[PDB]
């Protein structure tokens, strides 16, 4: 099956249109890149901001709101009949730090006096409410799906002990969802989003958290499974079990940040795309074949599958593609093997079904057929 230009291959959204939308994460510069635009128009019917809707992009100083970059995604989406997802209202990752400073500019995590800690809690929660309010009041008629909180459960199975949690405890999660529902109304759909949702003890900690929150009337419509996965891990059986277990709570599932890395963890990458052997693309294609067959089997529990980029020329996985060199300067990709130094984030991953030249990969054929 040939390595033809994606730009006029059979449309990926159309293949799956009764099963789930097919989305892509974008940067605004891609909306001014001819090829990226034609890719979005041709293959996708859902869109998400990779970065420009994060808290630090939207409100980098209190009261200073930058909607200009988000607005461009929204406009493009509306003009092309795409669903939009909002990524994300609340996250621990370089939030703007002003959220977590007390009335004197001191970090709130340092306060020892209980009455002052409680005032800080209330103050952070008010700030959270205003951030959400302002965003949802602006986009509630345009944006259907919302990542309300991101990565709030730790890999150890405990609530992630971020400044949100240290200052406000569990109420930050409750307040985030209540606020989104209050200002956005009943027709926006609210998600909790996380990675390694398939993995214990995180998976059961997430299930227990969401079950409790719903029992308490906190409005949560679904779970976003970031799905930053590998060729051989996690298994399809474990993916299946995860999806089924949340759907049994009455939750929607979205696959929100799908990519299939060529590597393991910590990754030992090839230094360029050219160096990735052909067989890796075939192993990737068989993985995508199995994965999309599974998503199709569960299509009544999954409303969306979104890739965390467009084509292999741009992927955040490159920032993790560390290149290992032996003493003679040869590249090392075997996870156990000797090496002398590492160049962090300098290699090249290849995670999508579309190549860096915008031609289809063997993974594309694996998911566009009906076998």
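Numbering follows the first chain given and starts at 1.
Enquirer: Report the stretch with the higher mean CA temperature factor, choosing between 109 to 117 and 263 to 271 on the basis of the entry.
Expert: If you average the C-alpha B-factors of 109 to 117 and of 263 to 271, the larger mean comes out for 109 to 117.
Enquirer: So which stretch wins on mean C-alpha B-factor, 333 to 341 or 61 to 69?
Expert: The deposited B-factors put 333 to 341 ahead on the C-alpha mean.
Enquirer: Say you rank 257, 200, 83, 289 by Cα B-factor from the PDB entry; which sits at the top?
Expert: Spelled out: the listed residue with the top C-alpha B-factor is 200.
Enquirer: Per the entry, which of 226, 284, 204, 88 tops the list for Cα B factor?
Expert: Answer, based on the entry's C-alpha B-factors: 204.
Enquirer: Splitting the chain's C-alpha B-factors into thirds, which one does residue 135 fall into?
Expert: As the PDB entry reports it, the C-alpha B-factor of residue 135 lands in the lowest third of its chain.
Enquirer: Please place residue 165 in the lowest, middle or highest third of its chain by C-alpha B factor as given in the entry.
Expert: According to the entry, residue 165 has a C-alpha B-factor in the chain's highest third.
Enquirer: Which third, lowest, middle or highest, does the C-alpha temperature factor of residue 186 belong to within its own chain?
Expert: Its C-alpha B-factor belongs to the highest third of this chain's values.
Enquirer: Taking the values exactly as deposited, rank residue 33 by C-alpha B-factor within its chain and report the matching third: lowest, middle or highest.
Expert: It belongs to the highest third of the chain when residues are ordered by C-alpha B-factor.
Enquirer: How does the C-alpha B factor of residue 318 compare with the rest of the chain: lowest, middle or highest third?
Expert: Middle third, going by the recorded CA B-factors of the chain.
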